[PDB]
Amino acid sequence: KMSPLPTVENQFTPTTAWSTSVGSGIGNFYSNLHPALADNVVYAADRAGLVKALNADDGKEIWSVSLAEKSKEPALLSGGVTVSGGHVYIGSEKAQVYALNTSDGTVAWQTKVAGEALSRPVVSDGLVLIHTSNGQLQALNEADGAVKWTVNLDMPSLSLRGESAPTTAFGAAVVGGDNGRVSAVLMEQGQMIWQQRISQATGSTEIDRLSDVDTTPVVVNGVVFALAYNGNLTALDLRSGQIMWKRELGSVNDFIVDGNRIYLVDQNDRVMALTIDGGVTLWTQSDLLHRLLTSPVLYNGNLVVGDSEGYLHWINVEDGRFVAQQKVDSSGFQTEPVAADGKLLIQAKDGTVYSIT
Amino acid sequence: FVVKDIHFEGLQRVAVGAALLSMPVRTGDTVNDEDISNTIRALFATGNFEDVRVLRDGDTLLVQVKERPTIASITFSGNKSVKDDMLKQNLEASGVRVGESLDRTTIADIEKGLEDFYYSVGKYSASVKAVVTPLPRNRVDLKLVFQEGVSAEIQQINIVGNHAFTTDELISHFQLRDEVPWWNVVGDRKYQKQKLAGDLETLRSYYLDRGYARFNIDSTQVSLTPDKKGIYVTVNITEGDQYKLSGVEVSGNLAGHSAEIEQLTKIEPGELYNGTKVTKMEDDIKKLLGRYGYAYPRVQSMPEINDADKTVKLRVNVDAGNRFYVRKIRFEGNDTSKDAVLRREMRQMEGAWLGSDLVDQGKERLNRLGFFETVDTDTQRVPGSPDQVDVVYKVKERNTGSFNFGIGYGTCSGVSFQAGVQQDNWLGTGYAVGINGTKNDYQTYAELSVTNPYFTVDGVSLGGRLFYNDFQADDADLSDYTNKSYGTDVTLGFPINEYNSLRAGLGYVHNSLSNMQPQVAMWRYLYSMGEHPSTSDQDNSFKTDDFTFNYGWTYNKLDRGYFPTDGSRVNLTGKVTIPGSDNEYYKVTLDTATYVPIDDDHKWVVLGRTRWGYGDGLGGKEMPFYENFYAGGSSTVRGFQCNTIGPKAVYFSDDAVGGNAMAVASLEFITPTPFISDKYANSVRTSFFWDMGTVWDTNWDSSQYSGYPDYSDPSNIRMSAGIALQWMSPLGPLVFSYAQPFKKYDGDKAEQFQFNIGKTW
Amino acid sequence: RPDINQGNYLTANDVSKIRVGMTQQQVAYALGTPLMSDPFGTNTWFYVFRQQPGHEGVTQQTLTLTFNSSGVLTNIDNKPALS
Amino acid sequence: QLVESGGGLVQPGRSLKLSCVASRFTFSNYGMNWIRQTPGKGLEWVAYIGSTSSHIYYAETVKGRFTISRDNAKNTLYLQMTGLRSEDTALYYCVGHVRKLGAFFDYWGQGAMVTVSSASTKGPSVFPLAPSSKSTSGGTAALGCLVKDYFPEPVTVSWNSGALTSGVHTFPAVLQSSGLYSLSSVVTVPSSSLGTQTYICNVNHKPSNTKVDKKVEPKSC
Amino acid sequence: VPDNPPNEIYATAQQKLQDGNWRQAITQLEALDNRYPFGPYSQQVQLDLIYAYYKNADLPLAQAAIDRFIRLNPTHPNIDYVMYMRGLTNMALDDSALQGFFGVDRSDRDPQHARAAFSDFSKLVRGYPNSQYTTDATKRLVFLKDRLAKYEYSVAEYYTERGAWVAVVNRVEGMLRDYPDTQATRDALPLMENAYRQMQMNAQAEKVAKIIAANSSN
Amino acid sequence: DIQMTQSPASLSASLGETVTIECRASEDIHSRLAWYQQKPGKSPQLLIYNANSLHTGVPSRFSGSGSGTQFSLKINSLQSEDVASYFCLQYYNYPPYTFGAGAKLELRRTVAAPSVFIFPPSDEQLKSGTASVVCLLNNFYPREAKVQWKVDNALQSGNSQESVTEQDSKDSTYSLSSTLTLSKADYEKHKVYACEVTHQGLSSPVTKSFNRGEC
Amino acid sequence: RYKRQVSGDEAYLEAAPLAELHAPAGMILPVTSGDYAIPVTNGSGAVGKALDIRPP
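Residue numbers (the entry's author numbering), protein chains in the order written: chain B, 31 to 100, 105 to 391; chain A, 24 to 675, 702 to 810; chain E, 29 to 111; chain H, 3 to 223; chain D, 27 to 244; chain L, 1 to 215; chain C, 30 to 85.
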């Protein structure tokens, strides 16, 4: 079922900067949405139409706003969280897309797409390109939300919210997607550069479907890596997608990559370092299994994560040995922290931020 | 090596001849090189030889070969919502059953198939494992360990293209539920493959009748958690724009029946589009064409749209089939009960033209009688026939008699044994009888009654009755004086209308009265007659024998008898003295009830029940007191005792007394029960009730004897309410009930749990 | 009290479409089948329209025909009422 | 409405069947009784029958010796009286009951006097009561006739065939030591009427069949 | 539930048969099945099983057993026994005496069982004219003939009592084409005699006259 | 039986005053009585049923009062001739029915003096051998009067018999005839035969006598 | 549960003769349907209870 706790750590202080009770939370519900910084500021919200705008060093509100019908049907916004040029650009369940300003909770524009926003806008050299839980790919402006073109794609009948973080290189844009399909395409008309299969179709139309959804990949340098749940861990060419190696492995969460090594977990919740070009495990830690864990980040030269139990899983980077441990929250988590440029943080399911030491 | 003969060793469940056949070889010469390959591929394609090991002595080939051990018992551990029969079906889908040997390696694939079945349920966290038990005689047992995990709830149902009109709450009309009230609890949120399929089209049907013709779906998408706990569902659609209709017309063959369909098609112009009204209109026409004797036309309704004004002209086309007739009739169900017995309620007839409705009238007439557990009609078409058609009427019979048992519970027959039996399909005949024999070792009372509802054709009903009776309990000078009496009833009965019936008949009684108590209010009638016996005296005795006439009126209009669901059945009887008789008077009794459901779907139903009883005479002739009404007994009044209602006795102190004025009713809530399955849940009936009743006399006064109160009023109402289960069993009908009275009026009593037997009404 | 029909239906103007010299199969396509048919030779057919509604009230039409060995007509007999 | 039988004379110890008839009402219910009243002002309930002849109750004096029956067809009550004594002599009433309440009467008979006696019937003897030249010559005087030695009762006495009705006093019968009754019937008339008006008392004794018309004239001395 | 070679089990099976004991031998035989579904005398077991089901009257099990076996073993010489037994099965399926005492008419019930029996016995004759099962099967077949007749006769009777003057005779043309026997059939000419007069057909009433005189009035 | 008490006796009163006639029951039972009126020489009739209910066709004046132990009959503003003898009747004991003694109703009028007359024996009785001398009180009220026959100073008793008529329905007076019966022989045995009448209506005892006939 | 029965079977319950009727001079019976026909043959073996059921 779920492994019990090992002994607590005592081997670096459990350090905490402030925290704040923020928004009405989102609850037991799965989503993909978590706050976003800018200079001397952060912003966040709940799946409730209700939106904030805070600081980075005090956490007080520069302003906060909300939206609903005047009747007063909650919006339930779980798109992404991204800014640019003093404006923020977010999506809903509703195929309705919201461009407000950072200085005030007021509209830059508002526009329409197809499908639910379980997902994260992405931008590179301008010109954002967006995707949803519909297999529908819209291509969008920056200052009216106008569409420039849009693509249709195949979807299965069933998934675990097969979505993917769209990604770009040299003005050529690539992402996975359901049906075990991967696509490398333009950014101008978005048309096909090539595609790729990596999964194996062996089951009976039920578990040929855990490789449907594609978990976050990311590029490094003329090369990309990817996976899906109970799928294949791959190493594939940027220009062609041709294979560099593979490891029969499954998981769901994102991976960190620094160095000549790659740092990630198991679907059974065990963690390891594998090679850049080998997939050859430098090391693993395998203690904390079936633990409902969250994606990591880097901070001042080390790693920590959190869990559905709401704790902190500090480690040594070089072998993963636990260096420290903190109870921090009783609500666990669902989505990802971030840090940037000196400041680390996390949001709770239940409407609570923690600012971190 | 060279071989001249072949021997096998270690096969104890299979022939050696078949063994040596499975390897094709040329014996008595050097055999081929495939003997090893043939032994391998054959003996291991069979799934019935576990290992082979073949060697050549030089003259003889010795085969050392085992047999795969065969499964004896296939057992299951961890079943919670799952039935081993379906599991054996999945095994037979695997290709494996008891008395079969195997690889012990498809066990993984077996587990996988089981888990696919678990997926098909709606569980994806489960895990199954095998437990092997090796056993002698080339046997194995197998047990199955399950860890079912858990299913999911449903978390959101959000929709793409639902703009300009919300329904994200009116979705609540579905089978499926994305919200489970903690104050409306009996299920939860769970997915299903097909309830999905129904509610999708249902919602579509909703919007198709709010003025739309393009309300389309783009797609339907579903997902859920990695922990497989809650589901996220979304669907992609168009809400287009509104629509209307503009006129309607048809096309096709008739027999100049245009003017009637003209009435059924009638509408106003410029009215909101629907699609169900359309369908029922079609089907009503189909009924008409049943009547005229058609079965198989075709009907099509084509919208010819103008979206330029959001209107339609609904082109319609019919193909009236070529006429039909009947050829034949057939009946199934008759194991005990003869045919022609049921045909005499078939208002459909053979050998002529036809209605599809007469069919249903016969179905009704059948389902009235409760002689069957269940019923089935059907209708085939004869081979090589454009117009000749046949039919079948099937049933499942039922044993329907009884064995009543009155014990004078609550003392209306005192300490006694009333035995007796009834059957209305006596010996498979339409003959109907009822009997009682009643014994206490000093009292006797036996009675027989009989009727043939079809003594003569056209539903001629004819009945008789007799009873002999002695009552003896004054062997210690106790209340409820001694009476002996005996008599007869005769009756004709017949309908005129195809639901409404009348009957009438006569009777003669003979009465012998002895050891009357000195009770005081009784002697009023006897003064009315004439006589004044007691100060408190006990030598009283009397006799009287009388002829009489009676008549009955009947409105019966139901889905059925025997636990009905719909309509109403009411019977009134008026009885009367006649000229010459020892007395003169007349009374009336009515018994009423009516069933109405919500939809007969989940069976949430209601009854209303009432009865009235009254009588009075003339010429100074009142009715008797022994012919009084009575009440209480938890057949008429639940939560009360037999004949324990109404005023108190009087000497020159308390026991109910009977009278002439009645008004009593009970109002109910009918229920199914989910805790039992259909197999017998079909054959049981439960309900709640709220019961009122009261009784009095008008001739009774207390302006004169005002030392005890009046009992002349419709006020002073007896009230209780409760619940009752009624269930059939092979000895007859059975019913229990538990209630709680909450309005008495001094001097009265009851019990809470009570029991009743025989004919429940 | 009850009501009854029996017999083969009639349009009673169908009757005005009936001419001798027509094969039985032509009439089959015209009408559909008869049901009464001589089991004593004499290739022939019958068609009847009896009804007995009311406590009192009786009615019947009939047409009755005989044909060749060829399954083609020879003669008819319309009794448009009864006796 | 109710016509009854006679009462006559009988010997103690003999029997007698008396009848009483019902006329308008149904009579096929109505508990009926025989109740006797003595001139000595003694009221006695002697017998009862109720609704029909099914329940018959008798008083504690007869103790059943007498029998009461009725015929519905003839609307008649029959009373047969066994052993007879002198005390039984009384005025007997055929009595009816009261519908729907009962235990009391509605209709009463004429009353029948029964006389048991060893003595023989005797017709009455009439003697004039006329004093002639009283202390009233212009006022009113009184004259009469004396009935003596008559048995049994009753005697019907009237004056001038019913023509003379004012001032008439008929004294109650006294029973003499001889066992016979004797009474005087007088009438007061103006003195001027005497000798001008004939005062004739007509006396009738049915049991003795004695019809005497006796005239009173102003006889002097 | 002992465990043994099937021989001892079949031995005590024979005994319990000789004992007249069913409820024991029943379970003995089911265990002999389950323990040895390919024993060397499995077929004998099926016979004994069906024999058991008859002598204990566990009927539908036996019907399924018979059609399964004959399906799967199409050929062996005692198969004739089976067919006879099949018809006997169906013969029993029609019949009963939960109600029977002396002076019942068994007619007017679900006859299809009898039709099945007819077909069965008929086939069986047509396959096995020379077995030793037939001299009685014939009489039983005759029984079914008369019975089917009386059944239909009764239907005619009811219709007659209605006055369904025509659909009846359409039944009866087939009654003839099937049934040239059975006095009931002979009892049915007068029904036509009623019919044709309800029809105001004289010219066939003479046919009724002829046929009746053709029959020897008894 | 049972003591059926009727009280007081026979009474008299004027027109318009009310009267309460008591009938007392020994076993104290309520509403077990009926009241009946007997006119003289007339059939008795029903007055009250239920011991408090009046019968049809009769004035409201009559009332039934009192408990089971004791009842009374009330006449309010009693009118004209209603004079009869009234009895009670119990129905509590069915086997034995008991009546009241009967209350004989008389009235109250002014005093009336009798007119005394004396009658010598008739000349048809002188041939019989017996003589009857009659004293007559004609119209008097009240009935209470002392009348003595005096022959040679002798109070004749046991040989004289009186007969009193009932109260008249016209002048409400009484009449008494006191017959002194002697033999014809004894008539001539004594010289003076006298009848002395003492009554409330008379101012002085009126004696009237005769010695030798009454020429 | 499961108890009830009859008692009597393995009974011969027939007595019936054979029957069948010719046709007249002039006209005809109807031609019979070859559906209930009789592959009749002379019988001469076991019958009634004088008969075997003890299987093979």
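Yeah, the Cβ is synthetic: ideal placement off N, Cα and C, and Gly gets one too.
Please classify residue i as buried or exposed, where buried requires at least 16 other C-beta atoms within 10 Å of its C-beta.
{"i": "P114 (chain L)", "result": "buried"}
{"i": "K217 (chain H)", "result": "exposed"}
{"i": "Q215 (chain A)", "result": "exposed"}
{"i": "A121 (chain H)", "result": "exposed"}
{"i": "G211 (chain B)", "result": "buried"}
{"i": "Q170 (chain B)", "result": "buried"}
{"i": "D288 (chain B)", "result": "buried"}
{"i": "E6 (chain H)", "result": "buried"}
{"i": "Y319 (chain A)", "result": "exposed"}
{"i": "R32 (chain L)", "result": "buried"}
{"i": "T98 (chain A)", "result": "exposed"}
{"i": "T40 (chain H)", "result": "exposed"}
Using only CA atoms, which one of the options lies nearest to residue i?
{"i": "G460 (chain A)", "options": "A:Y477, A:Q441, A:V784, A:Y141", "result": "A:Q441"}
{"i": "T69 (chain L)", "options": "L:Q200, L:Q6, L:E166, L:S172", "result": "L:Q6"}
{"i": "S119 (chain H)", "options": "H:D90, H:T138, H:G113", "result": "H:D90"}
{"i": "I232 (chain B)", "options": "B:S217, B:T239, B:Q225, B:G224", "result": "B:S217"}
{"i": "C665 (chain A)", "options": "A:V673, A:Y653, A:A672, A:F675", "result": "A:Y653"}
{"i": "residue 3 (chain D)", "options": "C:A75, C:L80, C:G77, C:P84", "result": "Within the shown structure, residues of chain D are numbered from 27 to 244, placing residue 3 (chain D) beyond reach of any answer."}
{"i": "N153 (chain L)", "options": "L:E196, L:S65, L:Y92", "result": "L:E196"}
{"i": "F724 (chain A)", "options": "A:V168, A:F718, A:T735, A:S715", "result": "A:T735"}
{"i": "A25 (chain L)", "options": "L:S175, L:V58, L:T98", "result": "L:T98"}
I'd like the span of the alpha helix (DSSP H) that includes residue i, first residue to last.
{"i": "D139 (chain A)", "result": "130-144"}
How would you write the range of the beta strand (DSSP E) that residue i sits in, first residue to last?
{"i": "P790 (chain A)", "result": "781-792"}
{"i": "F570 (chain A)", "result": "564-581"}
{"i": "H102 (chain D)", "result": "Segment: none, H102 (chain D) is in no beta strand (DSSP E) and carries neither H nor E."}
{"i": "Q170 (chain A)", "result": "162-170"}
May I ask you to list, following chain order, the residues of the segment 536-560 of chain A that have a beta carbon less than 8 Å from some beta carbon of chain L? Hits within the stretch, in order: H555, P556, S557, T558, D560.
Whole runs of the beta strand (DSSP E) within the segment 197-269 of chain B, excluding any shorter than 3 residues: Taken in chain order, the complete beta strand (DSSP E) segments of 3 or more residues contained in the segment 197-269 of chain B are 201-203, 206-209, 215-219, 226-231, 257-260.
Secondary structure, alpha helix (DSSP H): runs of 4+ residues fully inside the segment 175-257 of chain A: Runs of the alpha helix (DSSP H) lying entirely within the segment 175-257 of chain A and spanning at least 4 residues, in chain order: 216-230.
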